[PDB]
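Source file protein.txt; content: compact mmCIF, C-alpha atoms.
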```
# COMPACT_ATOMS: atom_id res chain seq x y z
CA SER V 1 -15.57 -0.75 5.02
CA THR V 2 -13.22 -3.71 5.14
CA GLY V 3 -12.73 -7.04 3.44
CA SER V 4 -10.92 -10.25 4.41
CA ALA V 5 -10.35 -13.28 2.17
CA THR V 6 -8.35 -16.46 2.54
CA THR V 7 -5.69 -17.12 -0.08
CA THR V 8 -4.74 -20.74 -0.80
CA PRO V 9 -1.62 -22.22 -2.46
CA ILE V 10 -2.39 -23.77 -5.83
CA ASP V 11 -0.04 -26.72 -5.28
CA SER V 12 2.31 -28.34 -2.78
CA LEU V 13 5.17 -25.95 -3.68
CA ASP V 14 3.29 -22.67 -3.13
CA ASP V 15 3.85 -21.80 -6.80
CA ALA V 16 1.04 -19.25 -6.53
CA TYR V 17 -1.94 -18.43 -4.35
CA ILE V 18 -5.60 -18.15 -5.33
CA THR V 19 -8.25 -16.04 -3.65
CA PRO V 20 -12.00 -16.33 -4.38
CA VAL V 21 -13.55 -13.24 -5.97
CA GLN V 22 -17.26 -12.65 -6.60
CA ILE V 23 -18.00 -11.04 -9.98
CA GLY V 24 -21.40 -9.98 -11.26
CA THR V 25 -25.02 -10.49 -10.27
CA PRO V 26 -25.77 -13.19 -9.31
CA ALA V 27 -22.20 -13.71 -8.18
CA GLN V 28 -19.83 -15.75 -10.30
CA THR V 29 -16.97 -16.85 -8.05
CA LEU V 30 -13.57 -17.09 -9.74
CA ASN V 31 -10.26 -17.95 -8.07
CA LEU V 32 -7.84 -15.15 -8.92
CA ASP V 33 -4.11 -14.68 -8.44
CA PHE V 34 -3.71 -11.45 -6.45
CA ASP V 35 -0.67 -9.77 -7.99
CA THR V 36 0.98 -6.73 -6.38
CA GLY V 37 3.25 -6.59 -9.45
CA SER V 38 0.55 -5.77 -12.02
CA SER V 39 -2.57 -3.64 -12.33
CA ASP V 40 -5.13 -5.50 -14.46
CA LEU V 41 -8.08 -7.54 -13.17
CA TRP V 42 -8.53 -10.06 -15.97
CA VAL V 43 -10.46 -13.30 -16.15
CA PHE V 44 -11.04 -16.38 -18.21
CA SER V 45 -14.43 -15.84 -19.78
CA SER V 46 -17.11 -17.03 -22.17
CA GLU V 47 -15.14 -15.00 -24.75
CA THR V 48 -11.88 -16.90 -24.28
CA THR V 49 -10.85 -18.95 -27.32
CA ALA V 50 -12.25 -22.37 -26.49
CA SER V 51 -9.02 -24.29 -27.13
CA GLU V 52 -7.27 -22.02 -24.61
CA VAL V 53 -9.61 -22.97 -21.74
CA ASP V 54 -8.71 -26.19 -19.91
CA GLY V 55 -10.51 -26.51 -16.58
CA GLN V 56 -10.71 -22.87 -15.48
CA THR V 57 -13.90 -21.33 -14.20
CA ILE V 58 -15.09 -18.65 -16.60
CA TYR V 59 -16.88 -15.33 -16.20
CA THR V 60 -19.93 -15.06 -18.47
CA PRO V 61 -20.91 -11.37 -18.61
CA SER V 62 -24.18 -12.11 -20.42
CA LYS V 63 -25.37 -13.90 -17.26
CA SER V 64 -24.62 -10.90 -15.02
CA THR V 65 -27.39 -8.33 -14.80
CA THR V 66 -24.86 -5.71 -13.65
CA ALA V 67 -22.29 -6.26 -16.43
CA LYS V 68 -21.85 -3.52 -19.02
CA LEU V 69 -19.52 -3.61 -22.02
CA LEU V 70 -16.95 -0.82 -21.71
CA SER V 71 -17.36 0.27 -25.30
CA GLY V 72 -14.19 0.36 -27.37
CA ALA V 73 -11.91 -0.73 -24.54
CA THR V 74 -9.29 -3.41 -25.07
CA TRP V 75 -6.39 -4.71 -23.02
CA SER V 76 -3.21 -6.67 -23.63
CA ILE V 77 -0.58 -7.60 -21.06
CA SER V 78 2.76 -9.40 -21.02
CA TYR V 79 4.24 -10.56 -17.74
CA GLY V 80 7.85 -10.91 -16.64
CA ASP V 81 7.73 -14.69 -17.16
CA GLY V 82 6.83 -14.35 -20.84
CA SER V 83 3.14 -15.13 -20.44
CA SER V 84 0.44 -12.88 -21.85
CA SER V 85 -3.28 -12.35 -22.33
CA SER V 86 -5.62 -9.88 -24.07
CA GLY V 87 -9.27 -9.09 -24.68
CA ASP V 88 -12.11 -6.62 -24.12
CA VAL V 89 -13.56 -5.03 -20.99
CA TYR V 90 -16.75 -5.00 -18.95
CA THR V 91 -17.62 -3.08 -15.84
CA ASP V 92 -19.30 -5.11 -13.13
CA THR V 93 -19.66 -5.50 -9.39
CA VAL V 94 -16.65 -7.20 -7.78
CA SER V 95 -16.45 -8.34 -4.17
CA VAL V 96 -13.46 -9.68 -2.23
CA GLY V 97 -13.94 -11.02 1.26
CA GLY V 98 -17.09 -8.96 1.80
CA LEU V 99 -15.71 -5.71 0.30
CA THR V 100 -17.70 -4.62 -2.76
CA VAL V 101 -16.71 -2.31 -5.63
CA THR V 102 -19.30 -1.32 -8.21
CA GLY V 103 -18.21 -0.40 -11.71
CA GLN V 104 -14.93 -2.31 -11.53
CA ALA V 105 -13.21 -2.93 -14.86
CA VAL V 106 -13.25 -6.68 -15.44
CA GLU V 107 -10.96 -7.48 -18.35
CA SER V 108 -12.37 -10.45 -20.25
CA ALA V 109 -9.77 -12.59 -21.98
CA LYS V 110 -10.23 -13.42 -25.62
CA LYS V 111 -6.72 -14.93 -25.76
CA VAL V 112 -4.38 -16.28 -23.10
CA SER V 113 -0.90 -17.75 -23.48
CA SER V 114 -0.19 -21.42 -22.98
CA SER V 115 1.05 -21.12 -19.41
CA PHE V 116 -2.36 -19.79 -18.33
CA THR V 117 -4.26 -22.49 -20.24
CA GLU V 118 -2.05 -25.17 -18.68
CA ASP V 119 -2.80 -24.01 -15.13
CA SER V 120 -6.36 -25.05 -14.41
CA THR V 121 -6.28 -23.61 -10.87
CA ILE V 122 -5.97 -19.91 -11.79
CA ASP V 123 -9.07 -18.25 -13.29
CA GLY V 124 -7.38 -14.87 -13.80
CA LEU V 125 -5.40 -12.15 -12.06
CA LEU V 126 -6.34 -9.31 -9.72
CA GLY V 127 -3.70 -6.61 -9.99
CA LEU V 128 -2.71 -4.64 -6.88
CA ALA V 129 0.16 -2.51 -8.22
CA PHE V 130 -0.45 1.15 -9.10
CA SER V 131 -3.14 1.97 -11.63
CA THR V 132 -0.58 3.73 -13.86
CA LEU V 133 0.37 0.21 -15.08
CA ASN V 134 -3.17 -0.76 -16.12
CA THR V 135 -3.18 -1.76 -19.79
CA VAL V 136 -6.75 -0.84 -20.79
CA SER V 137 -6.88 1.36 -23.89
CA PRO V 138 -7.92 4.00 -24.78
CA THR V 139 -9.09 4.81 -21.21
CA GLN V 140 -6.87 3.38 -18.48
CA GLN V 141 -8.80 1.74 -15.65
CA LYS V 142 -8.32 1.62 -11.88
CA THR V 143 -7.41 -1.40 -9.80
CA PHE V 144 -9.83 -2.94 -7.33
CA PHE V 145 -7.85 -1.39 -4.47
CA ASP V 146 -7.81 2.06 -6.08
CA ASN V 147 -11.59 1.90 -6.54
CA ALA V 148 -12.17 0.67 -2.98
CA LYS V 149 -9.65 2.90 -1.23
CA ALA V 150 -11.83 5.89 -0.38
CA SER V 151 -14.46 3.63 1.22
CA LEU V 152 -12.01 1.63 3.33
CA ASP V 153 -11.59 2.30 7.03
CA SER V 154 -7.88 2.84 6.29
CA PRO V 155 -6.33 3.00 2.77
CA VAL V 156 -4.34 -0.20 3.13
CA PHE V 157 -4.30 -3.86 2.26
CA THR V 158 -2.21 -6.60 3.83
CA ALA V 159 -0.71 -9.81 2.51
CA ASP V 160 -0.20 -12.71 4.94
CA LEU V 161 0.86 -15.60 2.72
CA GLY V 162 1.26 -19.06 4.24
CA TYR V 163 4.11 -21.53 3.87
CA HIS V 164 2.51 -24.69 2.52
CA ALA V 165 -0.75 -23.41 4.02
CA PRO V 166 -3.50 -20.86 3.40
CA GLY V 167 -3.09 -17.22 4.36
CA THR V 168 -5.07 -14.00 4.21
CA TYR V 169 -5.54 -10.81 2.22
CA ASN V 170 -7.18 -8.04 4.26
CA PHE V 171 -8.45 -4.72 2.93
CA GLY V 172 -8.95 -1.62 5.03
CA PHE V 173 -7.49 -2.72 8.36
CA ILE V 174 -4.41 -4.09 10.09
CA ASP V 175 -5.02 -7.31 12.01
CA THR V 176 -2.77 -6.74 15.01
CA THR V 177 -3.11 -10.41 16.00
CA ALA V 178 -1.55 -11.62 12.72
CA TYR V 179 2.09 -10.71 13.42
CA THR V 180 4.66 -10.65 16.20
CA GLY V 181 6.60 -7.63 17.37
CA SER V 182 6.18 -4.38 15.46
CA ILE V 183 5.66 -3.46 11.82
CA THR V 184 8.62 -1.63 10.28
CA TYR V 185 7.57 0.78 7.55
CA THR V 186 9.82 1.72 4.65
CA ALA V 187 9.62 4.18 1.78
CA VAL V 188 8.10 3.31 -1.60
CA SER V 189 8.83 4.68 -5.04
CA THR V 190 5.86 4.53 -7.40
CA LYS V 191 7.87 5.79 -10.39
CA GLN V 192 7.76 2.41 -12.17
CA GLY V 193 4.21 1.63 -11.03
CA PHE V 194 5.34 -0.99 -8.48
CA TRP V 195 5.56 -1.28 -4.71
CA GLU V 196 9.27 -0.54 -5.04
CA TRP V 197 11.39 -0.23 -1.91
CA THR V 198 14.99 -0.59 -0.72
CA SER V 199 16.06 -3.41 1.57
CA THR V 200 18.92 -2.56 3.92
CA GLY V 201 20.87 -5.81 3.41
CA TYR V 202 20.98 -9.52 3.95
CA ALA V 203 22.46 -12.44 5.84
CA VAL V 204 22.94 -16.08 4.88
CA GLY V 205 22.13 -18.58 7.62
CA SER V 206 23.81 -17.62 10.89
CA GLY V 207 26.31 -15.41 9.07
CA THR V 208 26.92 -11.74 9.66
CA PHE V 209 24.50 -9.22 8.22
CA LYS V 210 25.78 -7.38 5.14
CA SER V 211 24.52 -3.79 5.07
CA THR V 212 23.83 -2.92 1.44
CA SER V 213 20.95 -1.23 -0.35
CA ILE V 214 18.88 -3.60 -2.51
CA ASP V 215 16.13 -1.89 -4.52
CA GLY V 216 13.31 -4.23 -5.46
CA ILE V 217 9.57 -4.75 -5.69
CA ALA V 218 7.13 -6.48 -3.35
CA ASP V 219 5.42 -8.83 -5.82
CA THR V 220 2.86 -11.39 -4.64
CA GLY V 221 2.47 -12.59 -8.23
CA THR V 222 6.07 -13.84 -8.49
CA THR V 223 6.87 -17.17 -6.84
CA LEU V 224 10.57 -16.76 -6.08
CA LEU V 225 13.04 -14.27 -4.61
CA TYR V 226 15.17 -12.64 -7.34
CA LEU V 227 18.23 -10.76 -6.10
CA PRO V 228 21.57 -9.54 -7.46
CA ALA V 229 23.95 -12.24 -8.61
CA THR V 230 26.46 -11.42 -5.86
CA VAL V 231 23.86 -12.01 -3.13
CA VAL V 232 22.53 -15.18 -4.74
CA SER V 233 26.03 -16.63 -5.18
CA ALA V 234 26.78 -15.93 -1.51
CA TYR V 235 23.63 -17.84 -0.52
CA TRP V 236 24.17 -20.93 -2.69
CA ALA V 237 27.86 -21.12 -1.79
CA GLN V 238 26.64 -22.31 1.64
CA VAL V 239 24.87 -25.34 0.09
CA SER V 240 27.24 -28.18 -0.82
CA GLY V 241 26.78 -29.17 -4.43
CA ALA V 242 24.58 -26.23 -5.41
CA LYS V 243 25.34 -24.65 -8.77
CA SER V 244 23.80 -22.47 -11.43
CA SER V 245 22.55 -24.59 -14.32
CA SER V 246 22.10 -22.80 -17.64
CA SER V 247 20.11 -25.75 -18.99
CA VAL V 248 17.67 -25.81 -16.08
CA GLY V 249 17.48 -22.02 -15.84
CA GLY V 250 18.89 -21.20 -12.43
CA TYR V 251 20.43 -22.49 -9.25
CA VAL V 252 19.81 -26.13 -8.41
CA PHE V 253 20.92 -28.05 -5.36
CA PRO V 254 21.01 -31.65 -4.15
CA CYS V 255 17.63 -32.65 -2.81
CA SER V 256 19.49 -34.23 0.14
CA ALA V 257 20.70 -30.80 1.32
CA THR V 258 19.49 -28.89 4.35
CA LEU V 259 19.12 -25.28 3.21
CA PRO V 260 20.23 -22.31 5.34
CA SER V 261 17.89 -19.46 6.11
CA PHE V 262 18.10 -16.11 4.33
CA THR V 263 17.55 -12.81 6.16
CA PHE V 264 16.65 -9.52 4.52
CA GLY V 265 16.65 -6.09 6.10
CA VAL V 266 13.72 -3.69 6.38
CA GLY V 267 15.22 -0.60 7.94
CA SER V 268 16.80 -1.78 11.17
CA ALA V 269 14.45 -4.79 11.29
CA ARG V 270 15.15 -8.26 9.92
CA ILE V 271 12.88 -10.79 8.20
CA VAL V 272 14.12 -14.39 8.31
CA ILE V 273 13.17 -16.75 5.48
CA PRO V 274 13.60 -20.32 6.80
CA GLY V 275 15.66 -22.63 4.62
CA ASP V 276 12.68 -24.88 3.89
CA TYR V 277 10.93 -21.96 2.17
CA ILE V 278 13.74 -21.93 -0.42
CA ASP V 279 13.17 -25.54 -1.57
CA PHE V 280 11.11 -25.80 -4.78
CA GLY V 281 11.56 -29.52 -5.17
CA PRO V 282 12.83 -31.79 -7.92
CA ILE V 283 13.49 -30.15 -11.27
CA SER V 284 11.55 -33.02 -12.88
CA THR V 285 9.65 -35.86 -11.29
CA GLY V 286 11.99 -38.30 -9.57
CA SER V 287 15.11 -36.14 -9.95
CA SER V 288 17.51 -35.68 -7.05
CA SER V 289 18.33 -32.17 -8.30
CA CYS V 290 16.07 -29.58 -6.66
CA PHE V 291 15.23 -26.06 -7.82
CA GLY V 292 16.24 -23.14 -5.63
CA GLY V 293 13.86 -20.47 -4.37
CA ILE V 294 16.47 -17.68 -4.48
CA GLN V 295 17.57 -16.87 -8.02
CA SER V 296 19.51 -14.15 -9.80
CA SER V 297 17.69 -11.07 -11.06
CA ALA V 298 20.43 -10.46 -13.65
CA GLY V 299 18.67 -10.00 -16.97
CA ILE V 300 15.31 -9.24 -15.37
CA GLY V 301 16.30 -5.62 -14.74
CA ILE V 302 14.76 -5.41 -11.26
CA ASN V 303 15.03 -7.30 -8.00
CA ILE V 304 11.82 -9.05 -6.96
CA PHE V 305 10.72 -9.86 -3.41
CA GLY V 306 8.30 -12.55 -4.50
CA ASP V 307 6.34 -15.06 -2.47
CA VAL V 308 9.46 -16.78 -1.01
CA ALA V 309 10.27 -13.52 0.80
CA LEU V 310 6.77 -12.17 1.41
CA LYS V 311 5.43 -15.39 2.97
CA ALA V 312 7.99 -14.98 5.77
CA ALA V 313 6.33 -11.70 6.77
CA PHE V 314 3.09 -9.89 7.44
CA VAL V 315 3.18 -7.21 4.74
CA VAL V 316 1.31 -3.91 4.77
CA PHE V 317 0.66 -2.17 1.43
CA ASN V 318 -0.11 1.35 2.64
CA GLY V 319 -1.91 3.28 -0.10
CA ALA V 320 -1.99 6.62 1.66
CA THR V 321 -1.23 9.74 -0.39
CA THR V 322 2.46 8.89 0.04
CA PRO V 323 2.50 5.08 -0.10
CA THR V 324 4.73 3.00 2.16
CA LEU V 325 5.34 -0.71 2.82
CA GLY V 326 5.36 -2.35 6.22
CA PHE V 327 6.92 -5.66 7.22
CA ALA V 328 6.53 -7.63 10.44
CA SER V 329 7.67 -11.07 11.48
CA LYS V 330 4.92 -13.57 12.26
```

As a first step, turn the structure in this file into structure tokens.
Amino acid sequence: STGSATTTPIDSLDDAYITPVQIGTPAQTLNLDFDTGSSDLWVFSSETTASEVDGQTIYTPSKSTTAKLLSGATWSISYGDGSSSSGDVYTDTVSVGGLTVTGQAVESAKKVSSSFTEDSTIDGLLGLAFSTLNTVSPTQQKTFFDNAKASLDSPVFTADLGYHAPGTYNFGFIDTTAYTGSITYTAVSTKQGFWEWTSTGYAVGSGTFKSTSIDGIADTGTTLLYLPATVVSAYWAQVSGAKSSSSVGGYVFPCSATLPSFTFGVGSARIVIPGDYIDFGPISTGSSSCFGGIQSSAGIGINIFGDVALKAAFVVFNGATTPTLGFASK
């Protein structure tokens, strides 16, 4: 089997991407944030505290003839940005882009943190990291991909995120028309539960490539590119007037600037992030200070190849017995 679904930016900055997911019978379609940095499929629901729902579409398990309470199971998750959610668990039929999994754990939120409530466009998350990170207790549950894998034509999924435009998540096949050149594959460590890999270096604009190992995670659920402070300083030094602002929470730059590209290495291959992809717009409405899309990972404890980086590539998440990542230009 295969599946293919379009993923759509939630706003004009590409802060996140939403993908429609069919849950239950008859289907209830929710728009979920596909997150290769976590491993829970959780949704706003009829059980979510009413004051914490503000415009989201909810899953109502009592209206699904295939829903079953997973007795005794609870979940609770905290994300790298300080947000969180928790609740109980149903199993139900879940379909993405025509690919169907029966008995998928659907984690129904009883509580969500304010950042989720305040974002009416995201109805929940669909985790695509390794199932060892799933938070369901006392019986850990499998991700949608883990449940589907054995049925897929090939045990892979691909992320093709758009810049200020829709893109595609495919399951079970490589669309050879979706990228240019060849796909370069690179080793993955699953020891922390992530799609963790080592970039071979970077360049700023037309500058020379610096060969240096940068361990990080491929994380579709993180907006920005978080890299070591040395690398980030080297980038922003090429933007007149850019500076790190402790009060804003990162590097800012004059909105009048033209940003240089940023290149990262995948083996001997190179992925070029155009400068425009690094512009996240005014820090507040009407400001001439703009927020940068490359930020320091100091204090986060891991480097993160978030959407800023991934949207510049066609990315293969190869879930074979020994997982690997692939990157191609597009």

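Candidate residues V:239, V:126, V:43, V:13 were compared for distance to residue 165 (chain V), and the nearest is V:13, using only C-alpha atoms.
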
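Coordinates place CA of residue 44 (chain V) at a distance of 29.2 Å from CA of residue 249 (chain V).
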
Would you kindly return, as an MDAnalysis selection string, each protein, DNA or RNA residue with an atom no farther than 6 Å from any atom of region 95-108 of chain V, considering only C-alpha atoms and excluding same-chain residues fewer than 2 positions away?
chainID V and resid 2:5 21:22 41:43 45 87:93

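Among V:32, V:183, V:320, V:70, the residue with the shortest atom-to-atom distance to residue 137 (chain V), counting all atoms listed in the file, is V:70.
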
Which residues are near region 159-163 of chain V? Cut-off 6 Å, all atoms listed in the file, ignore same chain within fewer than 4 positions. Put them as a PyMOL selection string.
chain V and resi 167-169+311+314-315

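With only C-alpha atoms as the basis for measurement, V:109 is the residue among V:109, V:114, V:14, V:20 that approaches residue 60 (chain V) most closely.
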
Any chance you could tabulate, as JSON lines, the residues of region 227-254 of chain V at most 10 Å from region 199-222 of chain V with each one's nearest atom pair and distance in Å to one decimal, using all atoms listed in the file, in chain and rising number order?
```
{"residue": "V:227", "atom": "CA", "partner": "V:214", "partner_atom": "CA", "distance": 8.0}
{"residue": "V:228", "atom": "CA", "partner": "V:214", "partner_atom": "CA", "distance": 8.2}
{"residue": "V:231", "atom": "CA", "partner": "V:202", "partner_atom": "CA", "distance": 8.0}
{"residue": "V:232", "atom": "CA", "partner": "V:204", "partner_atom": "CA", "distance": 9.7}
{"residue": "V:234", "atom": "CA", "partner": "V:204", "partner_atom": "CA", "distance": 7.5}
{"residue": "V:235", "atom": "CA", "partner": "V:204", "partner_atom": "CA", "distance": 5.7}
{"residue": "V:236", "atom": "CA", "partner": "V:204", "partner_atom": "CA", "distance": 9.1}
{"residue": "V:237", "atom": "CA", "partner": "V:204", "partner_atom": "CA", "distance": 9.7}
{"residue": "V:238", "atom": "CA", "partner": "V:204", "partner_atom": "CA", "distance": 7.9}
```

Writer output for current selection, C-alpha atoms, as a PDB file, in the frame of the given file:
```pdb
ATOM      1  CA  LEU V 227      18.230 -10.760  -6.100  1.00  0.00           C
ATOM      2  CA  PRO V 228      21.570  -9.540  -7.460  1.00  0.00           C
ATOM      3  CA  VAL V 231      23.860 -12.010  -3.130  1.00  0.00           C
ATOM      4  CA  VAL V 232      22.530 -15.180  -4.740  1.00  0.00           C
ATOM      5  CA  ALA V 234      26.780 -15.930  -1.510  1.00  0.00           C
ATOM      6  CA  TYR V 235      23.630 -17.840  -0.520  1.00  0.00           C
ATOM      7  CA  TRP V 236      24.170 -20.930  -2.690  1.00  0.00           C
ATOM      8  CA  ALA V 237      27.860 -21.120  -1.790  1.00  0.00           C
ATOM      9  CA  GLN V 238      26.640 -22.310   1.640  1.00  0.00           C
TER      10      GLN V 238
END
```

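Checking V:230, V:74, V:147, V:31 one by one against residue 8 (chain V), counting all atoms listed in the file, you find the shortest gap at V:31.
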
Find, counting all atoms listed in the file, the residue in V:65, V:76, V:185, V:85 that gets nearest to residue 133 (chain V).
V:76

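Residues surrounding residue 116 (chain V) within 9 Å are residues 52, 53, 83, 84, 85, 122, 123 and 124 of chain V [only C-alpha atoms; sequence separation below 5 positions excluded].
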